[PDB]
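Step one of this worksheet: look at the structure below.
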Amino acid sequence: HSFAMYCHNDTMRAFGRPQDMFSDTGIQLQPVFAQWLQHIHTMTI
Amino acid sequence: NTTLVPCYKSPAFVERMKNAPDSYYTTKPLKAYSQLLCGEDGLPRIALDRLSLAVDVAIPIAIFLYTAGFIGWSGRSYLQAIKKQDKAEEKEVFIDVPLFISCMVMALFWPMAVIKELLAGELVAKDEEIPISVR
Amino acid sequence: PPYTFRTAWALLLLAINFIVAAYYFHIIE
Amino acid sequence: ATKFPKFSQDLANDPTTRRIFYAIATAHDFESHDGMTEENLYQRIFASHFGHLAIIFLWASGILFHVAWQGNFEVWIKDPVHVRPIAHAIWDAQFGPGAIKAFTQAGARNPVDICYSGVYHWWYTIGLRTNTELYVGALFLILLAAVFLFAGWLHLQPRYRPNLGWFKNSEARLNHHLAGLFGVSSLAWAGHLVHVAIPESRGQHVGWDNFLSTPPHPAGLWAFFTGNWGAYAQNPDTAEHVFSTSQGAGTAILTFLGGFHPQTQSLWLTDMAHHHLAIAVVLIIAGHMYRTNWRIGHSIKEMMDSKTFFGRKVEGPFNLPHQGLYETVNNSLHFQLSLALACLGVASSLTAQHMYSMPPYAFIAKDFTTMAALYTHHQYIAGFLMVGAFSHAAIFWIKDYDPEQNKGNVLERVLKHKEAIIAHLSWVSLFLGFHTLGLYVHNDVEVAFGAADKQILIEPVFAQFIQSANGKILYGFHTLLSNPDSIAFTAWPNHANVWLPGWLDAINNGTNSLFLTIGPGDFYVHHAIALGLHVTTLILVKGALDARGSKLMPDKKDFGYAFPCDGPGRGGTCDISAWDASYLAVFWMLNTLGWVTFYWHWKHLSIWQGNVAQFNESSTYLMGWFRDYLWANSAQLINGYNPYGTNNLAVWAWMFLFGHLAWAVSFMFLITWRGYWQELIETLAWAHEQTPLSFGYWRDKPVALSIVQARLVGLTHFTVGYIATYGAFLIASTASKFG
Amino acid sequence: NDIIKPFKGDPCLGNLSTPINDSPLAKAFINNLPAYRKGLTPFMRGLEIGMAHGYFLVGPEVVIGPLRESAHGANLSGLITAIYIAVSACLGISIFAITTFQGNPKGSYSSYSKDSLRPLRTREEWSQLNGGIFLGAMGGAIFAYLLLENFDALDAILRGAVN
Amino acid sequence: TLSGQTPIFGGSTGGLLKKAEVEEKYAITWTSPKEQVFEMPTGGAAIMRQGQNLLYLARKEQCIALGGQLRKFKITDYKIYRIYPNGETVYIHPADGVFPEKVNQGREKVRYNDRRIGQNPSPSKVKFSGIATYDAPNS
Amino acid sequence: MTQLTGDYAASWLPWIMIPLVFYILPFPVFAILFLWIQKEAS
Amino acid sequence: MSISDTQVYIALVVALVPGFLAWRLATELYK
Amino acid sequence: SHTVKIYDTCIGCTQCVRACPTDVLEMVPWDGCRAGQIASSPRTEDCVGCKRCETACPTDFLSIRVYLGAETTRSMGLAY
Ligand code: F6C
Ligand code: CLA
Ligand code: CLA
Ligand code: CLA
Ligand code: CLA
Ligand code: CLA
Ligand SMILES: CC1=C(/C=C/C(C)=C/C=C/C(C)=C/C=C/C=C(C)/C=C/C=C(C)/C=C/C2=C(C)CCCC2(C)C)C(C)(C)CCC1
Ligand SMILES: CC1=C(/C=C/C(C)=C/C=C/C(C)=C\C=C/C=C(C)/C=C/C=C(C)/C=C/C2=C(C)CCCC2(C)C)C(C)(C)CCC1
Ligand code: SF4
Ligand code: SF4
Ligand SMILES: [Ca+2]
């Protein structure tokens, strides 16, 4: 679930399917719990 | 070979002289490269023509092979110098530098030493002296 | 013993080798 | 106790997973199967060669069928320079629109693959012009493969199964293989060239319904038998002849101009027909050398034991004791297999070294990627055959060698001084690596600090003498075919150098690869290559001569060929078997051909792109090999697919990265060793037994795969990653700069 | 010598040991068909027999049936044909099982019959067979119906038209 | 047969698996004069009892690994049994009741070659024969 | 183009055999080839 | 002119002949 | 099912028996030694193949050889 998703992306971009790769534009995988902490650590000022 | 010409007459190599700083390194050596057989790219080269370079393809070879044998002979003669002493087990881990130096001065005239090693039948061990494997 | 068959097959191959060098050094044509 | 594998009983009772694996890797070692006799051994060797010949023919019919069906041979043959050959079609149901568009190339209306095999140029030269001619060739080879699958089945029937005496009839097999298998076949091939290939290169269509009526020469069948043989070379093709047309064509069918066809830049077809005709006659003559059953001929067994040289007492052939060698070679199958592989490994290197310098097929010198892949293919094939030639030398020493029959002969004299041989391969290897790496990294350091004029540059004036001794007037040695007044140039008593004006026209033309210009950068790689061939010979010779054993374990013959070690005692005996010297030498073989093919490719990539002065000025130091070859030519390979699109190199960019992974996963099987994985599998076996809902359970206990197997599993990945990475590099770095 | 032997070595039996019934390949194929595979419950015998038949039985009616002219209606006519052929076939083997297994089956299903070509001789074995044949021939018919009514959607995904 | 009180041990993960009751299983039985603690061959530590001790181990190497540990507690009265799944219990160590380092009478030279290892025959001699070079009834 | 097609004759044939030999037949083949390597010799 | 539609199927049934002759021989070598 | 053969070069140093982790080796009386002993291998189906017996044999080119053969469930040491 880390490396073999890089081989998923490496294969969709080679096929010419950038909309079914784990991109910010394809299938987004957002770091939800780390973008949350980035919000917590800047509103506490 | 005739494609190689001296760096005296070589358009690609005078260009090397033109854009050359000095600092210690590109004037004193680079004048001495003017006597070398120099390619069609301004790069000194080692060609093997005839008597023209028969002495220059012998100065490095004679200087190396003498001092390579000098290291080899002093290192060899020091080994038998301590095998006969029956102390060679620890004589090797703790170098006996007066003995090793005296084995180096024997190795100055090593080319004439190896001949009388060979002519005495003493340089090379006989075949059933030597530990081998099953064969 | 004097080597008579190893020699004259080594000196034969040097001979062929020295002929090749003879054309190499522009000696014989 | 499972049925599989049935050939070995003690592997069938193996309770673990190594019996599935060891069955695969032992399934062809027929001499070690349970309940095998020598009589039964050969009859299965023989019958599995028929099954192998059929696979070669079914593979060859797959080449023909797919270019007949999905290739563009008809379109290609009208312009063999500006259109790309099609290998086959692509059906990957998971392409996107960017890969359909990218791979729809070379005038195709569907995704296709560009043929880099050169079969298009081979068939265009030997006289195939229509797709139907390719299709009936494919159908014929399918049926020709059928008669060998049947023949293999036929010779396992008891009434047709040959006896041991027939197989060990060495003199009868040599007589037929020389005279019939090579002699008649090359005579037959000169028959095709004279009847089909040469006439169809001049425009006229010769086929199966046509060839019986139209003679290939106006003086056919009568100039030969009278002895007026010169009639077959009266008017040859002129220099303005253009291929596969009647304009400029001649009538000569056996003429010996030499050099290249000025329009295809290949050897003349008439020059090839005359070649195989001459080879056939020499080979047929050679096939009447050994007596079969007519008491006129030679006996190989008596040519060994002979000790009388015109009455003079000699020890044997060339005054060397060869007694007992006939019964040594004849009864040893690994001795025979080692000699066969060593001779294909030379014939396959020789294939690669000649087909780039002297292109045989029409317009193949102008297809750089095909020309590049064909060289790298046959050199890598030849490297493996050389490793296997020395592998089976090591099997021969272990299993089928005895000191009794070979007492005092030439084979036993080698073992008397096997350490003198190995110590000297050790010296040459040490000499050639100190002074090639040391001369490269001196050049690196001097170029690094700007003083590129302080490089040690040794002109390879001995190979330049060869080229001058063959015609190259470029250097100026002016001797011996560079000297027009020499004895060799003129051939004074006969002046019959009919081959010389054509050859010297080709060698002195700089637009071909025949005797390429050689510089100081070429000097250094030939010592890397020499260092490479010496270490990998050292590893293999050490493994063959120490297969009987050395002082670390003097009993290696009892333990077989492929065993792990002899424990950690006596210091530790990892990789001690003779098999581990074949394993260790595949790395050096791959490395060495990764210097041969790197040097071939970069030297030609500089000629092809016109930037010849890039190889000459930067192959003398190792960064130039790394910046101007690997880093420079990777640029369009790795951009086969970027965030912005995808092109026809998207598969080469993917196999390039595929081979990096296959290479890296090899290091897992090569660095980490068995007992680490057994303690980890022992843990996973605990987890599976103790967990609910996991209802499966191993029929055979999962064990970490064995020591000699991981060395083979890791060697397969290293090899597949070495070949997929460079295959993708070489194809994409050549077929992207160019067509 | 001769390749045609008496059937299992008994010359009086009304059969022959021939390359079609007694070959290493032919015995291996027939004796591993679901009717004869060793180690199957009668449900799995019928389930695997059923699905092979329901699958192909929808074919001959959706392309040369009366409804072949249209597209959505052709598949219905092919499915229901497989529904009807199988329901009447599974009606056949429920009433076969009732009428042959009635105390001492007259024929090849007797207790002392020793017949290998029909090993289901129980009426505990013919009832799971009926359920397998039915549920199999229904699922096979539906799967071949779903694959055919979605043929345009399936032709695209085996041609890469869906990217 | 076999009996004894099991040592104080909280149970491990390295103990018997499904091979114990399906193929066969081992039992080491020793007597201790003291209530001390020993290292478990399957990981951990257990307290050996005061009388007759019994421990079930998966393979024979564990038992002789433990037996070699018992000799460091000055205990040399241990016996190793092999329990087949049907239930009978064989005595396998020490096989004759005395430890194999000791020499008895009545034991036989088994797999003894009456030659130096150096003159084992070449593999070509036993070519296409059942035997190997190391059985080799010559000398 | 945006589809896999074939200009070659019988272009429908890759359409069915690429699924057949690559992801429909191998699992039956790997099952048959599994039953052969794990059969009792009784 | 590429090969016709029928010529592909002719090769399919022709190649079935060495497809079975391989079975002839693989089993005769006692797999 | 390995094959632990013992050769006549033993000196009865007894060291091979002690190193064996699985009690394959044991001493029998003999006469070709001052020790009057020689190793024997009565329990070789129990041989695990570790060659730990060969490391302990002090005779040059040692008298005891493990000949790794058909590997079974107890010669590979599997607890599962
Ligand atoms: C049946 C059988 C069986 C079972 C059941 O029964 C099982 C189960 C388990 C569980 C419980 C666990 C968890 C799961 C998960 O999570 O994940 C998944 C995975 C998988 C694999 C999954 C799988 C499942 C199944 C198999 C499915 C099926 C498939 C199909 C059927 C095929 C098809 C067929 C045809 C013929 C081809 C596991 C695991 C592990 N494995 Mg294990 N398995 C087994 C098999 C096998 C084999 C062969 C091998 C070799 C490859 C292995 C390996 C392994 C490793 C490394 C590991 C790990 O890591 C893990 C662990 O340890 O924990 C902790 N393993 N597993
Ligand atoms: C004319 C009679 C004849 C012919 C045509 C053959 C032909 C063949 N035999 Mg047979 N054989 C014969 C008589 C004959 N044999 C007799 C009388 C005996 C009894 C002793 C045998 C016993 C025998 C055995 C035991 C075997 C064969 C095998 C073979 C096959 C070789 C494998 C192969 O095809 O590779 C390729 C064929 C080529 C021609 C390749 C050519 C490329 C080579 C490698 C390079 C040639 C370059 C040349 C040498 C350059 C140097 C020339 C010089 C002038 C410079 C081949 C078809 C093998 C087999 O069974 O296959 C099924 C095998 O196992 N034969
Ligand atoms: C890097 C070295 C190298 C290079 C440049 C090539 C180049 C070539 N090879 Mg290859 N090959 C090599 C090494 C190499 N080979 C080695 C070491 C082996 C021994 C295993 C092979 C065995 C081999 C075979 C059997 C064939 C070729 C063929 C070809 C030609 C067409 C493939 C292609 O387009 O190029 C692509 C670049 C590549 C690196 C791919 C090469 C093909 C691989 C190596 C095939 C691997 C065989 C494999 C064991 C079988 C697959 C398993 C199967 C069950 C699916 C091409 C000129 C084909 C041919 O003869 O043309 C008609 C062909 O049939 N080669
Ligand atoms: C005519 C050529 C020829 C023939 C007939 C043989 C025959 C034999 N060799 Mg061999 N050999 C050869 C050439 C040949 N060799 C070459 C060229 C090499 C150098 C690599 C070797 C090196 C070699 C070694 C080291 C050994 C043999 C052994 C053997 C014997 C057993 C065969 C076997 O292992 O079972 C079957 C073998 C296999 C099923 C191979 C397993 C899979 C291989 C690694 C291919 C994997 C490719 C991979 C799947 C491709 C990737 C696909 C894709 C992802 C790209 C057998 C008599 C063994 C022996 O001598 O017994 C004592 C032995 O250990 N050979
Ligand atoms: C790139 C090379 C490479 C790869 C792929 C691996 C992969 C792996 N290593 Mg390894 N390792 C490597 C190099 C590599 N290593 C090297 C060079 C060393 C030398 C020190 C080691 C030393 C090492 C140790 C000591 C250990 C591992 C472990 C592992 C496993 C970790 C578990 C995991 O990641 O699950 C994921 C699997 C992968 C990431 C592999 C790639 C998966 C691909 C992308 C998916 C394949 C798709 C599909 C299945 C293809 C099949 C299709 C069919 C036709 C065949 C894993 C399989 C650890 C382990 O065993 O874990 C329990 C372990 O302890 N490695
Ligand atoms: C060995 C030669 C060879 C090779 C490497 C290929 C390769 C290929 N073929 Mg095939 N094919 C061949 C011979 C070959 N063919 C012959 C002689 C015929 C005439 C019947 C066909 C007819 C054919 C059709 C109709 C199709 C292909 C297709 C394909 C492609 C996809 C794989 C596939 O489904 O094929 C299926 C396999 C067959 C149809 C039978 C071929 C098997 C041959 C006859 C024998 C191969 C067995 C081999 C020798 C044994 C090695 C096994 C093991 C040791 C590795 C692939 C590139 C597909 C395609 O066009 O891709 C877009 C396609 O649908 N081929
Ligand atoms: C004899 C022979 C042959 C033939 C064969 C045949 C005759 C064929 C076939 C075939 C077939 C005929 C196949 C089939 C199939 C099938 C399947 C695969 C199925 C399925 C299914 C499913 C999966 C279902 C499911 C379901 C259910 C169950 C319920 C719900 C719904 C659903 C749908 C989900 C040949 C010559 C070729 C060769 C070999 C031998
Ligand atoms: C001159 C020249 C050349 C050539 C060379 C050659 C070709 C050679 C050779 C030679 C030879 C053919 C040799 C050899 C040898 C043999 C032997 C046999 C040896 C030896 C040795 C030894 C014996 C050693 C000794 C020693 C010493 C001396 C010192 C140290 C110690 C020791 C012991 C090591 C070149 C081109 C390069 C360069 C230029 C010119
Ligand atoms: S085999 Fe080795 S360790 Fe055992 S008694 Fe003999 S010499 Fe001693
Ligand atoms: S290999 Fe290990 S278990 Fe076998 S006899 Fe030697 S020491 Fe004992
Ligand atoms: Ca999508």
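Labels used: A, B, ... for chains in the order of the structure tokens, numbers from 1 for residues in each chain, and numbers from 1 for ligands as shown.
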Near-ligand residues for ligand 7, threshold 12 Å, only C-alpha atoms and all ligand atoms, as an mmCIF file with N, CA, C and O atoms, in the first residue's frame:
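Generated output (selection-v1.cif):
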data_model
loop_
_atom_site.group_PDB
_atom_site.id
_atom_site.type_symbol
_atom_site.label_atom_id
_atom_site.label_comp_id
_atom_site.auth_asym_id
_atom_site.auth_seq_id
_atom_site.Cartn_x
_atom_site.Cartn_y
_atom_site.Cartn_z
ATOM 1 N N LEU E 25 -5.302 -40.650 -22.069
ATOM 2 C CA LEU E 25 -5.883 -39.317 -22.177
ATOM 3 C C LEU E 25 -7.401 -39.351 -22.069
ATOM 4 O O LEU E 25 -7.997 -38.493 -21.414
ATOM 5 N N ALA E 26 -8.043 -40.317 -22.721
ATOM 6 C CA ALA E 26 -9.500 -40.327 -22.767
ATOM 7 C C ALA E 26 -10.100 -40.713 -21.427
ATOM 8 O O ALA E 26 -11.130 -40.165 -21.027
ATOM 9 N N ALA E 28 -8.578 -40.073 -18.619
ATOM 10 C CA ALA E 28 -8.299 -38.933 -17.754
ATOM 11 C C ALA E 28 -9.274 -37.792 -17.982
ATOM 12 O O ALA E 28 -9.558 -37.034 -17.051
ATOM 13 N N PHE E 29 -9.790 -37.641 -19.198
ATOM 14 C CA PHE E 29 -10.733 -36.559 -19.450
ATOM 15 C C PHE E 29 -12.124 -36.909 -18.954
ATOM 16 O O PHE E 29 -12.756 -36.113 -18.259
ATOM 17 N N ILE E 30 -12.615 -38.097 -19.303
ATOM 18 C CA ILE E 30 -13.973 -38.479 -18.937
ATOM 19 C C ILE E 30 -14.091 -38.700 -17.440
ATOM 20 O O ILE E 30 -15.068 -38.276 -16.817
ATOM 21 N N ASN E 32 -12.690 -37.278 -15.116
ATOM 22 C CA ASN E 32 -12.601 -36.045 -14.361
ATOM 23 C C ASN E 32 -13.656 -35.040 -14.778
ATOM 24 O O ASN E 32 -13.658 -33.919 -14.268
ATOM 25 N N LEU E 33 -14.551 -35.409 -15.680
ATOM 26 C CA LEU E 33 -15.756 -34.634 -15.874
ATOM 27 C C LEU E 33 -16.576 -34.687 -14.591
ATOM 28 O O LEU E 33 -16.487 -35.658 -13.838
ATOM 29 N N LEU E 47 -24.035 -29.139 -9.908
ATOM 30 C CA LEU E 47 -23.795 -27.706 -10.009
ATOM 31 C C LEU E 47 -22.853 -27.389 -11.154
ATOM 32 O O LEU E 47 -23.069 -26.433 -11.899
ATOM 33 N N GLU E 48 -21.806 -28.182 -11.313
ATOM 34 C CA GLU E 48 -20.858 -27.942 -12.388
ATOM 35 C C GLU E 48 -21.399 -28.397 -13.736
ATOM 36 O O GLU E 48 -21.091 -27.785 -14.760
ATOM 37 N N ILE E 49 -22.173 -29.486 -13.766
ATOM 38 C CA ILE E 49 -22.850 -29.879 -14.998
ATOM 39 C C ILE E 49 -23.885 -28.840 -15.386
ATOM 40 O O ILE E 49 -24.047 -28.518 -16.565
ATOM 41 N N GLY E 50 -24.614 -28.315 -14.407
ATOM 42 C CA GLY E 50 -25.681 -27.384 -14.718
ATOM 43 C C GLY E 50 -25.176 -26.101 -15.339
ATOM 44 O O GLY E 50 -25.695 -25.650 -16.357
ATOM 45 N N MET E 51 -24.129 -25.518 -14.760
ATOM 46 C CA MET E 51 -23.670 -24.213 -15.224
ATOM 47 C C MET E 51 -23.067 -24.279 -16.610
ATOM 48 O O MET E 51 -23.161 -23.311 -17.366
ATOM 49 N N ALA E 52 -22.434 -25.396 -16.956
ATOM 50 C CA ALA E 52 -21.920 -25.564 -18.305
ATOM 51 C C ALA E 52 -23.038 -25.568 -19.329
ATOM 52 O O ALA E 52 -22.830 -25.172 -20.476
ATOM 53 N N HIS E 53 -24.228 -25.993 -18.935
ATOM 54 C CA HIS E 53 -25.310 -26.163 -19.887
ATOM 55 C C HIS E 53 -26.218 -24.955 -19.950
ATOM 56 O O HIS E 53 -26.631 -24.551 -21.035
ATOM 57 N N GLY E 54 -26.561 -24.386 -18.803
ATOM 58 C CA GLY E 54 -27.300 -23.146 -18.820
ATOM 59 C C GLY E 54 -26.558 -22.052 -19.550
ATOM 60 O O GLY E 54 -27.175 -21.197 -20.181
ATOM 61 N N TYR E 55 -25.228 -22.084 -19.505
ATOM 62 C CA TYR E 55 -24.441 -21.046 -20.151
ATOM 63 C C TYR E 55 -24.579 -21.105 -21.663
ATOM 64 O O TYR E 55 -24.855 -20.090 -22.307
ATOM 65 N N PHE E 56 -24.389 -22.278 -22.253
ATOM 66 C CA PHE E 56 -24.398 -22.333 -23.703
ATOM 67 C C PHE E 56 -25.802 -22.420 -24.271
ATOM 68 O O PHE E 56 -25.981 -22.160 -25.461
ATOM 69 N N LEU E 57 -26.795 -22.777 -23.463
ATOM 70 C CA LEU E 57 -28.141 -22.949 -23.986
ATOM 71 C C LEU E 57 -28.838 -21.639 -24.290
ATOM 72 O O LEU E 57 -29.880 -21.655 -24.947
ATOM 73 N N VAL E 58 -28.311 -20.505 -23.832
ATOM 74 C CA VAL E 58 -28.936 -19.241 -24.195
ATOM 75 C C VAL E 58 -28.472 -18.756 -25.554
ATOM 76 O O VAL E 58 -29.070 -17.832 -26.109
ATOM 77 N N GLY E 59 -27.429 -19.357 -26.103
ATOM 78 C CA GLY E 59 -26.879 -18.947 -27.367
ATOM 79 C C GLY E 59 -27.786 -19.161 -28.559
ATOM 80 O O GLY E 59 -28.154 -18.207 -29.241
ATOM 81 N N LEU E 79 -32.695 -16.545 -22.755
ATOM 82 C CA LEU E 79 -32.652 -16.919 -21.349
ATOM 83 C C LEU E 79 -33.788 -17.862 -21.001
ATOM 84 O O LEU E 79 -33.569 -18.907 -20.385
ATOM 85 N N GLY E 132 -28.303 -29.452 -7.776
ATOM 86 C CA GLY E 132 -27.152 -28.890 -8.453
ATOM 87 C C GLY E 132 -27.426 -28.588 -9.911
ATOM 88 O O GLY E 132 -27.091 -27.509 -10.400
ATOM 89 N N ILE E 133 -28.031 -29.541 -10.627
ATOM 90 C CA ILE E 133 -28.336 -29.338 -12.041
ATOM 91 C C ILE E 133 -29.247 -28.142 -12.212
ATOM 92 O O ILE E 133 -29.067 -27.329 -13.122
ATOM 93 N N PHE E 134 -30.224 -27.998 -11.329
ATOM 94 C CA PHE E 134 -31.153 -26.889 -11.465
ATOM 95 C C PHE E 134 -30.466 -25.566 -11.183
ATOM 96 O O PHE E 134 -30.398 -24.698 -12.053
ATOM 97 N N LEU E 135 -29.950 -25.396 -9.965
ATOM 98 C CA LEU E 135 -29.312 -24.142 -9.586
ATOM 99 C C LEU E 135 -28.117 -23.822 -10.461
ATOM 100 O O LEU E 135 -27.770 -22.652 -10.630
ATOM 101 N N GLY E 136 -27.447 -24.844 -10.981
ATOM 102 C CA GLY E 136 -26.369 -24.595 -11.913
ATOM 103 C C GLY E 136 -26.872 -24.075 -13.242
ATOM 104 O O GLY E 136 -26.424 -23.033 -13.721
ATOM 105 N N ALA E 137 -27.830 -24.781 -13.844
ATOM 106 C CA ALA E 137 -28.332 -24.384 -15.151
ATOM 107 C C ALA E 137 -29.080 -23.071 -15.103
ATOM 108 O O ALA E 137 -29.307 -22.461 -16.148
ATOM 109 N N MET E 138 -29.487 -22.636 -13.919
ATOM 110 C CA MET E 138 -30.098 -21.326 -13.781
ATOM 111 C C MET E 138 -29.044 -20.238 -13.695
ATOM 112 O O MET E 138 -29.163 -19.204 -14.355
ATOM 113 N N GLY E 139 -28.013 -20.454 -12.884
ATOM 114 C CA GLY E 139 -26.952 -19.472 -12.772
ATOM 115 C C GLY E 139 -26.148 -19.335 -14.046
ATOM 116 O O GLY E 139 -25.761 -18.229 -14.426
ATOM 117 N N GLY E 140 -25.878 -20.450 -14.716
ATOM 118 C CA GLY E 140 -25.220 -20.375 -16.006
ATOM 119 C C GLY E 140 -26.045 -19.627 -17.031
ATOM 120 O O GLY E 140 -25.510 -18.871 -17.839
ATOM 121 N N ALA E 141 -27.360 -19.831 -17.011
ATOM 122 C CA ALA E 141 -28.235 -19.121 -17.933
ATOM 123 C C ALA E 141 -28.247 -17.630 -17.647
ATOM 124 O O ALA E 141 -28.259 -16.817 -18.572
ATOM 125 N N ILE E 142 -28.258 -17.250 -16.371
ATOM 126 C CA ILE E 142 -28.256 -15.838 -16.021
ATOM 127 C C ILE E 142 -26.919 -15.201 -16.349
ATOM 128 O O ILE E 142 -26.863 -14.082 -16.867
ATOM 129 N N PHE E 143 -25.822 -15.896 -16.062
ATOM 130 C CA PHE E 143 -24.512 -15.325 -16.338
ATOM 131 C C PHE E 143 -24.301 -15.120 -17.828
ATOM 132 O O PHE E 143 -23.745 -14.103 -18.248
ATOM 133 N N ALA E 144 -24.743 -16.066 -18.645
ATOM 134 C CA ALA E 144 -24.694 -15.858 -20.082
ATOM 135 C C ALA E 144 -25.720 -14.844 -20.546
ATOM 136 O O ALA E 144 -25.576 -14.291 -21.635
ATOM 137 N N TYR E 145 -26.758 -14.598 -19.755
ATOM 138 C CA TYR E 145 -27.709 -13.545 -20.071
ATOM 139 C C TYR E 145 -27.168 -12.180 -19.688
ATOM 140 O O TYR E 145 -27.341 -11.216 -20.436
ATOM 141 N N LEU E 146 -26.504 -12.080 -18.536
ATOM 142 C CA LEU E 146 -25.929 -10.807 -18.116
ATOM 143 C C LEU E 146 -24.764 -10.402 -19.002
ATOM 144 O O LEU E 146 -24.556 -9.212 -19.253
ATOM 145 N N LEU E 147 -23.973 -11.368 -19.452
ATOM 146 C CA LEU E 147 -22.861 -11.063 -20.336
ATOM 147 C C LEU E 147 -23.319 -10.696 -21.730
ATOM 148 O O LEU E 147 -22.573 -10.040 -22.458
ATOM 149 N N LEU E 148 -24.510 -11.116 -22.124
ATOM 150 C CA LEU E 148 -24.987 -10.814 -23.459
ATOM 151 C C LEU E 148 -25.806 -9.536 -23.498
ATOM 152 O O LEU E 148 -25.719 -8.785 -24.471
ATOM 153 N N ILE G 24 -8.202 -16.231 -18.451
ATOM 154 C CA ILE G 24 -9.348 -17.120 -18.331
ATOM 155 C C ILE G 24 -8.915 -18.578 -18.291
ATOM 156 O O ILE G 24 -9.363 -19.346 -17.441
ATOM 157 N N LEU G 25 -8.032 -18.968 -19.185
ATOM 158 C CA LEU G 25 -7.498 -20.323 -19.182
ATOM 159 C C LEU G 25 -6.417 -20.630 -18.145
ATOM 160 O O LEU G 25 -6.387 -21.771 -17.675
ATOM 161 N N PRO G 28 -7.686 -22.390 -14.712
ATOM 162 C CA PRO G 28 -7.866 -23.822 -14.982
ATOM 163 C C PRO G 28 -6.575 -24.562 -15.258
ATOM 164 O O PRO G 28 -6.417 -25.697 -14.802
ATOM 165 N N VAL H 13 -6.219 -24.464 -37.663
ATOM 166 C CA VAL H 13 -6.445 -25.905 -37.651
ATOM 167 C C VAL H 13 -5.212 -26.664 -38.100
ATOM 168 O O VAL H 13 -5.020 -27.816 -37.705
ATOM 169 N N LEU H 16 -3.070 -27.049 -35.148
ATOM 170 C CA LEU H 16 -3.608 -28.027 -34.220
ATOM 171 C C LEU H 16 -3.004 -29.405 -34.442
ATOM 172 O O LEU H 16 -3.074 -30.247 -33.545
ATOM 173 N N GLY H 19 -0.054 -29.378 -32.421
ATOM 174 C CA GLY H 19 -0.543 -29.256 -31.065
ATOM 175 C C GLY H 19 -0.840 -30.594 -30.432
ATOM 176 O O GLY H 19 -0.611 -30.782 -29.237
ATOM 177 N N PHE H 20 -1.358 -31.538 -31.215
ATOM 178 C CA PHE H 20 -1.601 -32.881 -30.712
ATOM 179 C C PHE H 20 -0.379 -33.769 -30.828
ATOM 180 O O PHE H 20 -0.188 -34.659 -30.000
#
Residue hits in chain A, query chain D, radius 10 Å, only C-alpha atoms, as a ChimeraX atom specification: /A:7,10-18
As a ChimeraX atom specification, which residues of segment 12-136 of chain F does DSSP assign to helix (DSSP H, G or I)? /F:60-73,117-119
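The environment of residue 5 of chain C within 12 Å, counting only C-alpha atoms and disregarding residues fewer than 2 places along the same chain, consists of residues 1, 2, 3, 7, 8, 9, 10, 11 and 12 of chain C; 314, 315, 318, 319 and 320 of chain D.
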Selection as a ChimeraX atom specification: residues within 9 Å of ligand 4 by only C-alpha atoms and all ligand atoms: /D:22-32,45,49,333-334,337-338,340-341,345,381-392,394-396,399,560-562,578-583,586,662,712-713,715-717,719-721,723-724
